[PDB]
Amino acid sequence: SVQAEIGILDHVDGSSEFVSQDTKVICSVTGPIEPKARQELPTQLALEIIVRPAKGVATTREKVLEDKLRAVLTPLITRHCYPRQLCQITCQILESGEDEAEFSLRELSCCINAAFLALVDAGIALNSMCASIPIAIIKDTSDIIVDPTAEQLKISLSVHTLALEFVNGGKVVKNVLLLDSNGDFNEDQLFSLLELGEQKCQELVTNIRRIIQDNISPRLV
Amino acid sequence: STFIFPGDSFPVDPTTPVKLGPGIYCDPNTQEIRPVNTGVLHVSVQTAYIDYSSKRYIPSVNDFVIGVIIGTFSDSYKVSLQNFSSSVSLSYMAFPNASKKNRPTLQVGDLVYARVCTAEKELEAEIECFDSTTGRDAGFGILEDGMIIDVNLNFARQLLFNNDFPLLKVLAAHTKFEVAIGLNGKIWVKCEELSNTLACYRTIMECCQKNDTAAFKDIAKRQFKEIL
Amino acid sequence: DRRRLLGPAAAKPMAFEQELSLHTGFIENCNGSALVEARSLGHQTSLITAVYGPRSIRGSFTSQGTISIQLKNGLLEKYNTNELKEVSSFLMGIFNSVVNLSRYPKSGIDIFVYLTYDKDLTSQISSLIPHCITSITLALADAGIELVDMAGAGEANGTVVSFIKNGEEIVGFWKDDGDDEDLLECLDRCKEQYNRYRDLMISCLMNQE
Amino acid sequence: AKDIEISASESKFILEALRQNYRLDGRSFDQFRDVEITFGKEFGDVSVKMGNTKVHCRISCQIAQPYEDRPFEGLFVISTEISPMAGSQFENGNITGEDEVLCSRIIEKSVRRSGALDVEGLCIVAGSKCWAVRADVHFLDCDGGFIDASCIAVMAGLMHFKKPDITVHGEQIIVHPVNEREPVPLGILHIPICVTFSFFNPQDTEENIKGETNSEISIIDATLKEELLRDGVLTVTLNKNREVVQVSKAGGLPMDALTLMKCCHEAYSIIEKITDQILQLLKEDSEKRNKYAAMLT
Amino acid sequence: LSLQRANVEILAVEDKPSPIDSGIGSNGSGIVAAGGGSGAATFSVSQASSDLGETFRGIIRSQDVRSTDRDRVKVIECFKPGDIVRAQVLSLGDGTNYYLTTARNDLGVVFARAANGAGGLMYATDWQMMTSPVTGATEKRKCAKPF
Amino acid sequence: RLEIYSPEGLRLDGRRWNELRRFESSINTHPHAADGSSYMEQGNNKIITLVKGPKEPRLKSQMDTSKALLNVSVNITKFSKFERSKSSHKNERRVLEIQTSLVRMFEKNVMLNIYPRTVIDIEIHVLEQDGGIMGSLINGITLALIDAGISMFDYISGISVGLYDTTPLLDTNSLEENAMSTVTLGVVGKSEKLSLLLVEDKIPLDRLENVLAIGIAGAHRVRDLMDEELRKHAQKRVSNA
Amino acid sequence: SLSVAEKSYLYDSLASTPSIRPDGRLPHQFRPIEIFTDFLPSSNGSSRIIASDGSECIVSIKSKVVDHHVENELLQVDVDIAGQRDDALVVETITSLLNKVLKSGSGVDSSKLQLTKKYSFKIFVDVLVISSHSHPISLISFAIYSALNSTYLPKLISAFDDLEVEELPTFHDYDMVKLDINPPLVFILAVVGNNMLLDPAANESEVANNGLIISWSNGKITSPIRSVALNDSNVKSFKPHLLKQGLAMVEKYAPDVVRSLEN
Amino acid sequence: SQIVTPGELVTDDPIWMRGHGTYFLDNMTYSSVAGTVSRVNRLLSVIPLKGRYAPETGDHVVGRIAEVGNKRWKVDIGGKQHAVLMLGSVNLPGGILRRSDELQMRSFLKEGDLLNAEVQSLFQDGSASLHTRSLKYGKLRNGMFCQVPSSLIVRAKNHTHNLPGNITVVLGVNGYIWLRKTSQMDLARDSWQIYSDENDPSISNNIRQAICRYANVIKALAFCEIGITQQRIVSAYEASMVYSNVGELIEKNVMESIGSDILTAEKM
RNA sequence: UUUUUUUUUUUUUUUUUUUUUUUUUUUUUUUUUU
């Protein structure tokens, strides 16, 4: 299963921490605040996204992750409620949980989940809820594995990341926010993978709802 | 009454007209009512709103706030309500019995108690140092000396609007003090001796760190015993 | 490098007259462009130039326009930064005399030249200067920037001379190495090349309407 | 905005409380904050907590080539890049600003220049192959005192790290997997620890420069509110052999020399306790790992 | 917008786009401003005029909105952020802004959206009114004359 | 293997344990380039300091309505040592640290609050370098600032002391700085208060007060020399003009 | 910075027959300068030039022993100008020109740098400009000329032929040999209408139509010749007969400048 | 008087009132600059030996336009700050309120222009406010510009003088000097064209030669650190007629000789 | 004993890393108390 914690930093508007197997990410959110003159948008909210790796300095490998995170997060936020304001989102990877020289999908899923939790904790207006899982297809057996380990990634044939959008009590799928597939596959494998991923994402979003309700309710009267 | 999430079904009859409060959005394209915040939905000519946790203040008309003077212009002051936020403006004619000969004498770095009067979406918010709706002047103006405490918004609302919140009563049982409460997340206190003000500051910080209102008295007693 | 993929650190690099064609206006996202391609017996060259502007500029108010010229390598990195910048400065000096800069207050004009192709079919940067001048003139005319005259150049034994007004005036002089007593012959040869280049440029502008 | 605004009332209150021997959080003038150290699953993964300041460190290594000038040593580098996660007053890419440069230089002089790490033990084949060691510091939450927390975290992470065992097979080398041949630790020569002091002037400048009395105030390990109002700062590094590793007082409020010597003498009592605490925590972690490995037999 | 003036950016000079390349797609995915990406912090100031996607800027003062009653003009009852406005140049100004006017019948708002840019397009109905077709709501503008 | 301190009490260049090197300074050396200037010679060190301002700021962003902004720039040439430097020193972290230290030193001494909305620029060129360069930089800045007629509270004097086993040596050179640990000091006026204290190598804890006292006395002598030179120049200037 | 009226007045004065210069100088007359040499003891040679308007330059000469088969160029110049970036266009243009004027075959006698059949001296020229008000090519050239004529090099005392058996070069510990190489000079000229001017001032450069850079060596004009723009608001084209006039002017008046820099 | 240095004790008498250049602690007064002690009744202060020009009300100054702003200009006069010239402080050829001239300020004065002005008042920090509300002030033309240190300008009641050879000199208090051809207004001293950039089309060679000689002798006087006055300027101009070529006056020995001759003639 | 109120100015941040280098060498058997 997964472990998530809410509200752990003192000088930001919202924060969270997501753990899945051996992957660990901490995220923070500050906004809405005043932006720089070159970041300003006349009618909607602007975003500034930073991702930092576990070892070394940031390179072009983190730029792709920032691009995908920005693609996922833009339709989730009700951006027109905060004209010409800024929201800062920073993710720090503490433990990759995989071999960074070859794979980066577990980090992407963990960052997506942590950023959503921090956005909920901060108080930003959101259109709906989200959940993200990694998937792999293993050689020889040709079996589809949800949440693969680091050992199963080393003998895989294709790796996938799926992020979905849920409404109406976490029971209706509204859109596919991101699907990222790399490897070698045919159509039947793809349409089996989507069907399995939908159920796994539904279970994950139910669990996330329970965690959020447990954490937030004591703060209110 | 119930816990709600963004994207959930709104449990209100579409026929009955209901005025919308914070946390509820009307779609400009589909004309649909949906919630956008997480928390508890309260339904009271009836009004519905969602109570959610927050720390970043957004100006709203008829709110009591505490600000800092950060710049003086030809006709108004430049005022900050929170670090890293856009500033607001306070006009030289927004004081009681003000005229072009009776100018105000505030400096950069002063604390002020004011009310939000204009919060247009396309403009910069404005504040005034007197209640223009009623003509009353109840505590608005400069705050001399004292100390400032940062809290979250729900705590400040509980202090200002709930008379069954027991913090002020337990504080009054130890010392005499002055207080001003701002809905932007600021509390100002002052006592005759510095040790009493320090004890009040420590008590308020510790009480805000907690969520149980039944432990306030023990915290206050321990803190006021600490200063000897 | 945090912004580029340069590979492993321990790797080592592997160690082992003229006929012209002129065309303008083929790049979509700029204001003006030109392609110059010259061939002879023992040389072959291709060049592309692009003009951006007039555009906004950072700073205080200026009463006349500003010109910037950038030279870039192509395919093969045959020249280093210092000589490219020296040639850029020489070209900027030339083209500050022909552009009507008083017509463009508080604005800038940026010019880019790409050295795509240069092959020896059978002292090397000096012979490339005339084609750069021709390409920049063609691109500036294509973009609609006001010029008082058409500028050309010629090369002869390490000497480059640029002319206007039918070869009666000089806007640029360059000389490296060469014979010390050979000045009149160089001028005559450069002017002879300049006249042909001017004819070809005017024909290109007039035909391709 | 990126500017932290302080009102006149807050400044006056804090200075007057300092005049009456009061700190906002209830410490005395010479009291250091409590330190919590937690070790991760991997070797070289350490978390350090000092009240409200949180810092994370990670150690890693890989094969490289030695320098031509020095063919008998390995490579060591320390990276400390700050982000808006620790606070919205910090820029994302800023390695040229005053405070960042000062912190980087102080950490470099305390750890790498003092020779706390044995870089001659990182050589594999003299002149051709060696180890390159990295230390990455992550700043999570700022309540003052990044320098001390960073020094503690780097030293603890270096003392917790282990590198794989290798053997030389003719011309090339073989790096054994961890589940085969029991990775080995690094050699540490001494353990340096930094302490920071803050100075406040309860008078005007004329009294400080031409006055006879010395009424300046010194406190240890200031918080974020305190260090935004200070007039000077001093950092001193020491080890248990009574050696001054480095001293840095780069301008600020002029201070009498006897007070500075008193500060240097007060830092030693703190560093002794910190060193003992680190050693005890490392011993307990090693015993826990050995007991679990025995129980998993 | 403010109480004294409006700030605009120039998109076309006499039915010709300015600049030719707007920089779309240079900052990746999402909705980003021209100077809101990674390349804005590494632009060579001393080797060029301006960065990719930069435009000319202008200012409309409240006294220049119209030719009559130019002391009781309310800016937010004339323009909104995100509107397309046709104006005329008055002066070169300083190095940052031009000075513009709309005090003529053919100058003003030509395109606008309801709900401050979150809704659909509106159409001009009167000299000072626009109407939303989907829901018959009206807003106040300074409409440029069509046809 | 050399005799740093001989049994007869002599150093390698012939000095004794408490003697300064030759100290020569000049004032008003570049009248056409700056408001204040100085030329400093301390042993074999050669430094040129120029002070420009107070003046209008270049940009409207670097303007303060309550006080002036102070900037320091240090340039170390490639030919300042026996061996030519391979690359430039302009953007090294060491140079930035030196500049920040100097700015923070002189912020507290100059009365910046009586020149609001102005900027003061200090440019320094180091031509030759033979040990103890930080103290020479401090002395040159002090002389150039006083030559420009800018208000300040007192003098600041720089000095360096090396510790050789148990023997303190005053005003060390390059040979001594490569064989022992050194301490750099900045002293205010004729008091015991320190503006700068810089120790970069290991020193025993129970041997620092003696070094501090020796350095303080040396800095007092340096201040005396600077004051004498300034008074002599002023007397010559006012005698005829 | 000048106004329109000032520029018109100055241009009318300069472009007249005969020309009138603002300080009354003749068309070929130079301004006074001060020269100091041998003031950096750690260098092989040094100089400092101070102009009458405050311009100042400092030059240092240093040497190194290299293998002259791998090394192709034995003279290298590095230029630093205060207030300018290291990659500024004018800095790199001046660096390129100064390296071209001191190349292997240019009139510079590089045979005097040879020690042993395998090795040679490589000369490093470092230039620092403290203050300047116009194009400082000729000031730097004069400073380099002064510094190179007072340079001393170590004396070799360990063999000369080492093609077969090679020994490490070894030098005498006290004696040095004066370098007698032949350095060139670089002049800058201004074109104002139909007149040619030598050594132009800052205000004369703001109204000039164009400019020329001409090199000189041991009695003859040398290869590096360029046309240069001294301003950006008045640059125009010139007739070919002004080039010949400038070359003749430099040929006529260069020998007098040589005698002024002697000793 | 008495020379003092920063940090030096001036007096310990608790009877003096402290002025510029000093700071105090209780009854002890100190010096913050290098200079001389000055006493006026009970006021005690120190006058610095060196410093920039400090504007005073009523001063006659020469400056250059630096910035074109919002209904104002910025003028460089060589002080610590730029001066301010409001649009209402100048004379407009047509009028002020015609049913423009606020967006068209560059048609009158633009960046780089030289002008003649008077100091009207000082702001709180010492910056100056200028006005040009007389026919004797405005745009400068028909001549040449030169600069000397402001401490060498002797204080006087008049600052515009007519010199032999049809030359007029404007001696700025801040040290900025203008030499020009004498006009009708200058002779009489003893509408739309006041903002024109055109020079007189009839300036002869003799006037140019005279202006060159006057600039050379002014620079010679500044080299010897002699205060500049009208009488000294005329005397130095007349004594330099020995040299037929104006270009020989730029050598150091000639300048020193001219200065020494002036001083010797005055002292006799 | 009428009559006498004087108070000046300003708007939204300069662009590319950590390496930052001088005075000269050796030789064949455990453990404790001596």
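Each chain gets a letter, A, B and so on, in the order the sequences are listed, and its residues count up from 1. For the numbers below, each heavy atom of this structure counts, side chains included, while hydrogens, waters and symmetry mates do not.
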Would you say the side-chain atoms of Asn102(B) pair up with the backbone N or O of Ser99(B), donor to acceptor, closer than 3.5 Å? no
Syn or anti for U30(I) (syn when the glycosidic angle lies within 90° of 0): anti
Short side-chain donor-acceptor distance under 3.5 Å, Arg93(F) and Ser104(D):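 Yes, a side-chain donor-acceptor pair sits under 3.5 Å.
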Just call it for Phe82(F): base, sugar-phosphate, or nothing, with non-hydrogen atoms closer than 4.0 Å on any strand. nothing
Answer with base, sugar-phosphate or nothing: what part of the nucleic acid does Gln124(H) contact at a heavy-atom distance below 4.0 Å? base
Mind calculating the distance between [atom1] ([X]) and [atom2] ([N]) to the nearest angstrom?
X	N	atom1	atom2	answer
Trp73(H)	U9(I)	CH2	P	18 Å
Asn97(E)	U11(I)	CG	P	12 Å
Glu67(H)	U10(I)	CD	P	15 Å
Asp94(E)	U10(I)	CG	P	16 Å
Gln120(H)	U9(I)	CD	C1'	12 Å
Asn70(H)	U10(I)	CG	P	9 Å
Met86(H)	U9(I)	CE	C1'	7 Å
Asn7(E)	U11(I)	CG	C1'	12 Å

Between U10(I), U11(I), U9(I), which nucleotide has the shortest distance from any of its atoms to the side chain of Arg117(F)?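 In terms of side-chain proximity for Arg117(F), the closest of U10(I), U11(I), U9(I) is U10(I).
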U31(I) and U32(I) stacked at 5.5 Å and 30° limits: yes
Thinking salt bridges, do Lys109(D) and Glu97(F) make one under a 4.0 Å N-O criterion?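 Salt bridge between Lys109(D) and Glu97(F), a charged N being under 4.0 Å from a carboxylate O: yes.
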Residues at least two apart in sequence or cross-chain that pass side chain to side chain contact (heavy atoms under 4.5 Å, CB included) with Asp86(G), listed by chain then number, are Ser88(F)
Is there side-chain contact between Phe43(E) and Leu52(E), with at least one heavy-atom pair below 4.5 Å?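 A side-chain contact is absent here, since even the closest heavy-atom pair is not under 4.5 Å.
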Sign of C1'-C2'-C3'-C4' decides it: give me the sugar pucker of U30(I), north or south. north
With the six-membered base ring of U9(I) as reference, does the ring of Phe123(H) sit under 5.5 Å away with planes under 30° apart?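 Yes; centroid distance and tilt both under limits.
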